[PDB]
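Asker: Before anything else, here's the structure in question.
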Amino acid sequence: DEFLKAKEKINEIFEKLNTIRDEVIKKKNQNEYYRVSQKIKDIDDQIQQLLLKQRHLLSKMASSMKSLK
Amino acid sequence: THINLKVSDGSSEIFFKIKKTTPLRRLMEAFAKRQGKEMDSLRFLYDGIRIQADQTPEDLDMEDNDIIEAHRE
Amino acid sequence: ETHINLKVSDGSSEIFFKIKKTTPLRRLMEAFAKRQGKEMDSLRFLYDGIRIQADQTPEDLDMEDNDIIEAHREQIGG
Amino acid sequence: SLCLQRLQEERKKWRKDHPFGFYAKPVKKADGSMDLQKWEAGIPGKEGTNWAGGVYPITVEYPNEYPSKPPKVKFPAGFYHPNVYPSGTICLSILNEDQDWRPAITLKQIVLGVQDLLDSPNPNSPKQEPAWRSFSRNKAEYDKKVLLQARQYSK
Amino acid sequence: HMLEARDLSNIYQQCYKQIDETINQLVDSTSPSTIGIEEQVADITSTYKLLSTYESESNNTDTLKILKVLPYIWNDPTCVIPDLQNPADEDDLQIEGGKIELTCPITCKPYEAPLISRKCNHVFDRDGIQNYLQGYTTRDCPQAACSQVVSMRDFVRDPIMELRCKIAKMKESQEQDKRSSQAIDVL
Ligand SMILES: [Zn+2]
């Protein structure tokens with residue numbers, strides 16, 4: 001059982017990570033549209049926050065695999 | 001806007017910057033008297049063609065980091 | 001000093017080196033080669049227009065720092 | 001099209017890095033348009049050799065499958081050198097499909113390779129018969145004809 | 001058990017593939033470019049190390065390579081790596097490495113799809129090798145002075161170059177050389 005809720009946990013992480021990629025791409029587009037100056041940096045900064053999320057998710061993901069034997 | 005031109009003596013390559021629209025006279029003398037040598041002592045080449053006076057770099061399709069040889073006589 | 005800084009390019013990429021003046025250039029050629037993914041005999045090296053010989057050390061050639069070695073393709077005519 | 005894009009970048013790399021004294025550009029055809037498959041080049045002679053002061057023309061004709069097959073290189077009509085053909089052709093080892101040509105060979109590698117053979121004629125593979133007779137018969141006057149062809153080519 | 005064993009490794013691959021995608025995305029979309037990314041890689045490195053560790057018991061990967069190169073790729077994408085690693089008193093270290101050029105030798109254009117060889121390590125653009133290996137099934141490596149013969153089957157998608165190229169295109173998006181102090185502005 002524990003093995004399983006772990007497994008379904010991982011897949012949740014994977015899909016979380018993917019939608020975060022999309023988001024980033026999407027806002028990296030909103031920025032390659034380059035849009036006087038404020039929102040550009042603002043958007044760009046949210047992006048930074050999202051990469052954090054990414055590095056942290058990988059973090060969970062990894063230690064999470066200590067429990068599949 | 002404004003490009004960068006490497007001018008090679010043979011050993012040393014004193015390296016310059018000009019508006020794309022500037023007659024290459026200016027660069028020629030800039031180099032010349034950075035060398036102390038006087039102008040008609042020198043021959044400036046590009047694609048093996050003697051560069052003449054009024055020719056702007058815009059003419060010759062130059063770019064960032066192109067090389068201009070400088071010979072004597 | 002005792003070590004020297006040599007630049008070793010081949011017309012595309014270049015590799016800086018630090019070398020005891022007494023290290024025979026065998027190990028440098030070998031290095032550039034095995035590093036480039038190229039075969040030894042299919043190269044010739046030139047310090048100031050001298051075809052360098054393998055076991056000839058940098059102060060034999062009175063090298064200095066920031067000197068250059070060129071690696072061309074060993075070729076021939078006919 | 002890739003052959004052509006190759007040449008286009010090749011040209012601008014040349015313009016950014018090429019040995020001092022040498023030159024290379026493609027030719028204009030009857031249109032006024034650039035023939036990126038045909039090139040004019042000049043190879044200066046190494047100082048201190050009888051080839052010094054000489055700046056010698058060669059043309060480079062690139063095939064349609066460049067860089068799969070390498071280009072043919074031609075000195076003028078009847079160039080005087082043991083390894084130039086009477087047709088002006090030269091065949092360097094790196095310039096050889098059947099030998100050592102590869103698609104990574106720089107134009108700079110080619111010009112340099114030629115000019116090296118200028119005062120390093122490999123006598124094991126003569127390609128002309130005046131130039132080679134005199135190179136083994138008497139360099140005395142061979143050197144003389146070398147100097148006239150040397151001086152010839154400073155336009 | 002065999003199925004379970006293999007199945008597990010499936011999960012680990014996707015994990016590594018997941019690290020790959022994050023790293024890629026990390027560089028392919030950054031704004032400030034100093035040593036703030038050092039903490040980035042740090043987390044990522046440790047995470048990887050941890051992950052790899054667990055796998056070791058459980059049931060090489062390029063990701064690791066990528067990770068041990070990335071700090072350098074940062075400071076300068078054209079770096080050669082002091083890959084020679086000081087065996088005691090190696091007194092001829094390959095220091096500062098230097099500069100490599102980021103244009104495919106065949107296409108003579110910059111890289112849009114690096115494809116590293118495995119008999120040697122010669123990186124060529126996909127379009128280059130594909131055009132070169134057209135017709136002929138095996139040919140000499142198109143790099144000069146390389147003797148290993150090579151077919152289309154010998155190439156893997158190179159991540160190292162993709163970075164070095166992504167870095168480099170970013171590391172000019174803003175400014176390449178700027179107002180070079182050595183660029184005498186001729187008035
Ligand atoms: Zn190879």
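Residue names in the structure tokens use chain letters A, B, ... in the order shown, residue numbers from 1 in each chain, and ligand numbers from 1 in the order shown.
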Env of residue 59 of chain B: 9 Å cut, atoms = only C-alpha atoms, seq-sep filter 3 positions within chain, self excluded. Answer as a count of residues only.
Answerer: 5
Asker: What residues in chain C have any atom no more than 9 Å from chain E when counting only C-alpha atoms, and can you write them as number ranges by chain?
Answerer: C: 3, 7, 12-20, 23, 27-28, 31-32, 36-43, 73-74
Asker: Could you give me, as a count of residues only, the residues within 9 Å of residue 42 of chain B, counting only C-alpha atoms and dropping anything in the same chain fewer than 6 positions from it?
Answerer: 6
Asker: Find the residues in chain D near chain B: any atom within 6 Å counts, using only C-alpha atoms. Write them as a PyMOL selection string.
Answerer: chain D and resi 15-16+23
Asker: Would you write out, as JSON lines, a table of all residues in chain A that have an atom no more than 8 Å from an atom of chain E, listing for each the closest atom pair and the distance in Å to one decimal, considering only C-alpha atoms and ordering rows by chain and rising residue number?
Answerer:
```
{"residue": "A:14", "atom": "CA", "partner": "E:18", "partner_atom": "CA", "distance": 7.6}
{"residue": "A:21", "atom": "CA", "partner": "E:25", "partner_atom": "CA", "distance": 7.6}
{"residue": "A:28", "atom": "CA", "partner": "E:29", "partner_atom": "CA", "distance": 7.1}
{"residue": "A:44", "atom": "CA", "partner": "E:31", "partner_atom": "CA", "distance": 7.4}
{"residue": "A:48", "atom": "CA", "partner": "E:30", "partner_atom": "CA", "distance": 7.6}
{"residue": "A:51", "atom": "CA", "partner": "E:26", "partner_atom": "CA", "distance": 6.7}
{"residue": "A:54", "atom": "CA", "partner": "E:22", "partner_atom": "CA", "distance": 6.8}
{"residue": "A:55", "atom": "CA", "partner": "E:44", "partner_atom": "CA", "distance": 6.5}
{"residue": "A:58", "atom": "CA", "partner": "E:19", "partner_atom": "CA", "distance": 7.0}
{"residue": "A:59", "atom": "CA", "partner": "E:47", "partner_atom": "CA", "distance": 5.6}
{"residue": "A:61", "atom": "CA", "partner": "E:15", "partner_atom": "CA", "distance": 7.8}
{"residue": "A:62", "atom": "CA", "partner": "E:51", "partner_atom": "CA", "distance": 5.0}
{"residue": "A:63", "atom": "CA", "partner": "E:51", "partner_atom": "CA", "distance": 6.7}
{"residue": "A:65", "atom": "CA", "partner": "E:54", "partner_atom": "CA", "distance": 7.1}
{"residue": "A:66", "atom": "CA", "partner": "E:54", "partner_atom": "CA", "distance": 5.8}
{"residue": "A:68", "atom": "CA", "partner": "E:58", "partner_atom": "CA", "distance": 7.0}
{"residue": "A:69", "atom": "CA", "partner": "E:58", "partner_atom": "CA", "distance": 5.0}
```
Asker: Give me the residues within 7 Å of residue 115 of chain E as JSON, numbers by chain, counting only C-alpha atoms and dropping any in the same chain fewer than 5 places off.
Answerer: {"E": [123, 124, 125, 126, 155, 156, 157, 158]}
Asker: Give the strand (DSSP E or B) residues of chain C, as DSSP finds them on the backbone, and put them as JSON, numbers by chain.
Answerer: {"C": [3, 4, 5, 6, 7, 8, 9, 14, 15, 16, 17, 18, 19, 20, 44, 45, 46, 47, 50, 51, 67, 68, 69, 70, 71, 72, 77]}
Asker: Generate the output file for the selected residues, N, CA, C and O atoms, as a short mmCIF file (atom, residue, chain, number, x, y, z; two decimals), in the first residue's frame.
Answerer:
```cif
data_model
loop_
_atom_site.label_atom_id
_atom_site.label_comp_id
_atom_site.auth_asym_id
_atom_site.auth_seq_id
_atom_site.Cartn_x
_atom_site.Cartn_y
_atom_site.Cartn_z
N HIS C 3 56.88 28.02 -14.71
CA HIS C 3 55.81 27.65 -15.63
C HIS C 3 55.58 28.76 -16.61
O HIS C 3 55.99 29.90 -16.36
N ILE C 4 54.92 28.45 -17.72
CA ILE C 4 54.68 29.45 -18.76
C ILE C 4 53.27 29.27 -19.30
O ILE C 4 52.71 28.18 -19.21
N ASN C 5 52.68 30.33 -19.84
CA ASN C 5 51.34 30.20 -20.41
C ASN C 5 51.29 30.12 -21.93
O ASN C 5 51.47 31.12 -22.60
N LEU C 6 51.03 28.92 -22.47
CA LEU C 6 50.99 28.72 -23.93
C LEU C 6 49.58 28.60 -24.48
O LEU C 6 48.73 27.93 -23.90
N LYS C 7 49.36 29.22 -25.62
CA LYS C 7 48.09 29.11 -26.30
C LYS C 7 48.30 28.17 -27.49
O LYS C 7 49.27 28.30 -28.24
N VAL C 8 47.40 27.20 -27.64
CA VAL C 8 47.52 26.20 -28.70
C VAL C 8 46.22 26.12 -29.46
O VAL C 8 45.30 25.42 -29.04
N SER C 9 46.15 26.83 -30.59
CA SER C 9 44.97 26.83 -31.45
C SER C 9 45.19 26.06 -32.74
O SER C 9 46.33 25.79 -33.13
N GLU C 14 40.79 27.05 -29.58
CA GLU C 14 42.11 27.20 -28.98
C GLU C 14 42.11 26.83 -27.50
O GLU C 14 41.10 26.99 -26.81
N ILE C 15 43.26 26.34 -27.04
CA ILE C 15 43.37 25.82 -25.70
C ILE C 15 44.59 26.38 -25.03
O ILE C 15 45.71 26.14 -25.47
N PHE C 16 44.35 27.11 -23.95
CA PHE C 16 45.41 27.64 -23.10
C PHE C 16 46.00 26.52 -22.25
O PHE C 16 45.32 25.53 -21.97
N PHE C 17 47.26 26.68 -21.86
CA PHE C 17 48.01 25.68 -21.10
C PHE C 17 48.93 26.35 -20.09
O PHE C 17 49.39 27.48 -20.30
N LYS C 18 49.21 25.65 -19.00
CA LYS C 18 50.29 26.04 -18.12
C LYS C 18 51.29 24.90 -18.19
O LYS C 18 50.90 23.73 -18.16
N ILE C 19 52.57 25.23 -18.32
CA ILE C 19 53.60 24.20 -18.51
C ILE C 19 54.92 24.56 -17.85
O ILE C 19 55.44 25.66 -18.05
N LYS C 20 55.44 23.63 -17.05
CA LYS C 20 56.78 23.74 -16.47
C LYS C 20 57.57 23.92 -17.77
O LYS C 20 57.26 23.28 -18.78
N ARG C 44 50.64 18.47 -37.62
CA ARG C 44 51.94 19.08 -37.40
C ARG C 44 51.77 20.36 -36.62
O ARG C 44 50.79 21.09 -36.78
N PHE C 45 52.73 20.62 -35.74
CA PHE C 45 52.65 21.75 -34.82
C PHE C 45 53.72 22.78 -35.12
O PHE C 45 54.88 22.43 -35.35
N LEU C 46 53.34 24.04 -35.06
CA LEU C 46 54.27 25.11 -35.39
C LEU C 46 54.37 26.19 -34.32
O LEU C 46 53.41 26.93 -34.06
N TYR C 47 55.54 26.27 -33.72
CA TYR C 47 55.87 27.42 -32.90
C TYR C 47 56.75 28.38 -33.70
O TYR C 47 57.90 28.07 -34.01
N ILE C 50 58.49 26.96 -36.66
CA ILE C 50 59.34 25.80 -36.46
C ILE C 50 58.49 24.54 -36.30
O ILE C 50 57.58 24.48 -35.48
N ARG C 51 58.79 23.54 -37.11
CA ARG C 51 58.18 22.25 -36.91
C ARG C 51 58.76 21.68 -35.60
O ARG C 51 59.89 21.20 -35.56
N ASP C 67 52.68 32.85 -25.82
CA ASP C 67 53.13 32.39 -27.13
C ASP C 67 52.14 31.39 -27.72
O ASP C 67 51.34 30.80 -26.99
N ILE C 68 52.19 31.21 -29.03
CA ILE C 68 51.19 30.39 -29.73
C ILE C 68 51.79 29.21 -30.48
O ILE C 68 52.84 29.31 -31.13
N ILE C 69 51.09 28.09 -30.39
CA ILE C 69 51.41 26.94 -31.20
C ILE C 69 50.22 26.69 -32.13
O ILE C 69 49.07 26.74 -31.70
N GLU C 70 50.49 26.45 -33.40
CA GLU C 70 49.42 26.17 -34.33
C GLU C 70 49.44 24.70 -34.67
O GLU C 70 50.49 24.13 -34.94
N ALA C 71 48.27 24.09 -34.65
CA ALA C 71 48.17 22.71 -35.08
C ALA C 71 47.50 22.65 -36.44
O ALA C 71 46.28 22.82 -36.54
N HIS C 72 48.29 22.43 -37.48
CA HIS C 72 47.72 22.22 -38.81
C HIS C 72 47.62 20.76 -39.12
O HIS C 72 48.22 19.93 -38.44
N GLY C 77 51.72 17.60 -51.18
CA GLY C 77 51.32 18.00 -52.52
C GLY C 77 51.61 16.93 -53.55
O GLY C 77 52.41 16.03 -53.33
#
```
Asker: May I ask which of the residues A:43, A:6, A:56, A:38 is the closest one to residue 25 of chain A, counting only C-alpha atoms?
Answerer: A:43
Asker: Give me, as a ChimeraX atom specification, the residues of chain D touching chain C, with the criterion being at most 8 Å (counting only C-alpha atoms).
Answerer: /D:83,90-94,106,109,113,117,121-127
Asker: Using only C-alpha atoms, I'd like every residue of chain E that has an atom within 10 Å of chain D; please write them out as a PyMOL selection string.
Answerer: chain E and resi 103-110+127-128+131-134+140-146
Asker: Produce a file of the selected residues containing N, CA, C and O atoms, as a PDB file, in the first residue's frame.
Answerer:
```
ATOM      1  N   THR E 103      29.910  26.940 -34.041  1.00  0.00           N
ATOM      2  CA  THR E 103      29.352  26.787 -35.381  1.00  0.00           C
ATOM      3  C   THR E 103      29.643  25.361 -35.839  1.00  0.00           C
ATOM      4  O   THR E 103      30.766  24.876 -35.683  1.00  0.00           O
ATOM      5  N   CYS E 104      28.642  24.675 -36.374  1.00  0.00           N
ATOM      6  CA  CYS E 104      28.869  23.335 -36.916  1.00  0.00           C
ATOM      7  C   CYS E 104      29.867  23.369 -38.062  1.00  0.00           C
ATOM      8  O   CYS E 104      29.729  24.179 -38.976  1.00  0.00           O
ATOM      9  N   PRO E 105      30.859  22.469 -38.034  1.00  0.00           N
ATOM     10  CA  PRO E 105      31.911  22.407 -39.048  1.00  0.00           C
ATOM     11  C   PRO E 105      31.402  22.115 -40.437  1.00  0.00           C
ATOM     12  O   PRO E 105      32.059  22.465 -41.409  1.00  0.00           O
ATOM     13  N   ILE E 106      30.251  21.472 -40.532  1.00  0.00           N
ATOM     14  CA  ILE E 106      29.741  21.105 -41.829  1.00  0.00           C
ATOM     15  C   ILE E 106      28.828  22.164 -42.409  1.00  0.00           C
ATOM     16  O   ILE E 106      29.001  22.580 -43.554  1.00  0.00           O
ATOM     17  N   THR E 107      27.844  22.590 -41.628  1.00  0.00           N
ATOM     18  CA  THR E 107      26.868  23.537 -42.129  1.00  0.00           C
ATOM     19  C   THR E 107      27.526  24.886 -42.173  1.00  0.00           C
ATOM     20  O   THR E 107      27.118  25.751 -42.945  1.00  0.00           O
ATOM     21  N   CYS E 108      28.559  25.038 -41.343  1.00  0.00           N
ATOM     22  CA  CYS E 108      29.286  26.298 -41.134  1.00  0.00           C
ATOM     23  C   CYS E 108      28.398  27.400 -40.566  1.00  0.00           C
ATOM     24  O   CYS E 108      28.834  28.549 -40.389  1.00  0.00           O
ATOM     25  N   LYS E 109      27.157  27.024 -40.263  1.00  0.00           N
ATOM     26  CA  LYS E 109      26.230  27.852 -39.503  1.00  0.00           C
ATOM     27  C   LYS E 109      26.323  27.466 -38.026  1.00  0.00           C
ATOM     28  O   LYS E 109      26.834  26.382 -37.704  1.00  0.00           O
ATOM     29  N   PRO E 110      25.836  28.343 -37.117  1.00  0.00           N
ATOM     30  CA  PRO E 110      25.750  27.956 -35.707  1.00  0.00           C
ATOM     31  C   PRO E 110      24.802  26.771 -35.512  1.00  0.00           C
ATOM     32  O   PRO E 110      24.082  26.398 -36.439  1.00  0.00           O
ATOM     33  N   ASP E 127      21.414  18.284 -39.302  1.00  0.00           N
ATOM     34  CA  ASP E 127      21.275  18.510 -40.730  1.00  0.00           C
ATOM     35  C   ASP E 127      22.551  18.216 -41.487  1.00  0.00           C
ATOM     36  O   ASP E 127      22.504  17.690 -42.595  1.00  0.00           O
ATOM     37  N   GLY E 128      23.683  18.554 -40.875  1.00  0.00           N
ATOM     38  CA  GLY E 128      24.995  18.212 -41.412  1.00  0.00           C
ATOM     39  C   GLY E 128      25.357  16.750 -41.585  1.00  0.00           C
ATOM     40  O   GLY E 128      25.657  16.300 -42.695  1.00  0.00           O
ATOM     41  N   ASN E 131      22.903  15.006 -44.058  1.00  0.00           N
ATOM     42  CA  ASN E 131      23.260  15.278 -45.446  1.00  0.00           C
ATOM     43  C   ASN E 131      24.547  14.584 -45.843  1.00  0.00           C
ATOM     44  O   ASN E 131      24.689  14.126 -46.971  1.00  0.00           O
ATOM     45  N   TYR E 132      25.482  14.505 -44.908  1.00  0.00           N
ATOM     46  CA  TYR E 132      26.739  13.825 -45.158  1.00  0.00           C
ATOM     47  C   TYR E 132      26.556  12.302 -45.271  1.00  0.00           C
ATOM     48  O   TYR E 132      27.104  11.670 -46.176  1.00  0.00           O
ATOM     49  N   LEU E 133      25.763  11.720 -44.378  1.00  0.00           N
ATOM     50  CA  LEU E 133      25.553  10.277 -44.385  1.00  0.00           C
ATOM     51  C   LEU E 133      24.442   9.847 -45.335  1.00  0.00           C
ATOM     52  O   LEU E 133      23.948   8.720 -45.262  1.00  0.00           O
ATOM     53  N   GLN E 134      24.054  10.745 -46.233  1.00  0.00           N
ATOM     54  CA  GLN E 134      23.053  10.423 -47.238  1.00  0.00           C
ATOM     55  C   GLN E 134      23.671   9.520 -48.304  1.00  0.00           C
ATOM     56  O   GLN E 134      24.777   9.780 -48.792  1.00  0.00           O
ATOM     57  N   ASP E 140      34.088   8.111 -43.264  1.00  0.00           N
ATOM     58  CA  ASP E 140      35.041   8.634 -42.276  1.00  0.00           C
ATOM     59  C   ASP E 140      34.411   9.825 -41.563  1.00  0.00           C
ATOM     60  O   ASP E 140      33.695  10.603 -42.188  1.00  0.00           O
ATOM     61  N   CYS E 141      34.663   9.970 -40.264  1.00  0.00           N
ATOM     62  CA  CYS E 141      34.183  11.145 -39.534  1.00  0.00           C
ATOM     63  C   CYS E 141      34.539  12.414 -40.324  1.00  0.00           C
ATOM     64  O   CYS E 141      35.665  12.541 -40.817  1.00  0.00           O
ATOM     65  N   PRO E 142      33.571  13.340 -40.480  1.00  0.00           N
ATOM     66  CA  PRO E 142      33.800  14.573 -41.238  1.00  0.00           C
ATOM     67  C   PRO E 142      34.730  15.579 -40.559  1.00  0.00           C
ATOM     68  O   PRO E 142      35.070  16.593 -41.162  1.00  0.00           O
ATOM     69  N   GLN E 143      35.129  15.316 -39.321  1.00  0.00           N
ATOM     70  CA  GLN E 143      36.167  16.108 -38.698  1.00  0.00           C
ATOM     71  C   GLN E 143      37.500  15.656 -39.267  1.00  0.00           C
ATOM     72  O   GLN E 143      37.706  14.461 -39.502  1.00  0.00           O
ATOM     73  N   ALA E 144      38.402  16.604 -39.488  1.00  0.00           N
ATOM     74  CA  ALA E 144      39.715  16.282 -40.028  1.00  0.00           C
ATOM     75  C   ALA E 144      40.582  15.623 -38.977  1.00  0.00           C
ATOM     76  O   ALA E 144      40.470  15.929 -37.784  1.00  0.00           O
ATOM     77  N   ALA E 145      41.441  14.719 -39.442  1.00  0.00           N
ATOM     78  CA  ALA E 145      42.370  13.967 -38.598  1.00  0.00           C
ATOM     79  C   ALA E 145      41.669  13.120 -37.552  1.00  0.00           C
ATOM     80  O   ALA E 145      42.156  13.007 -36.430  1.00  0.00           O
ATOM     81  N   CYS E 146      40.521  12.546 -37.920  1.00  0.00           N
ATOM     82  CA  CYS E 146      39.836  11.540 -37.097  1.00  0.00           C
ATOM     83  C   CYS E 146      39.595  10.244 -37.867  1.00  0.00           C
ATOM     84  O   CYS E 146      38.938  10.219 -38.911  1.00  0.00           O
TER      85      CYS E 146
END
```
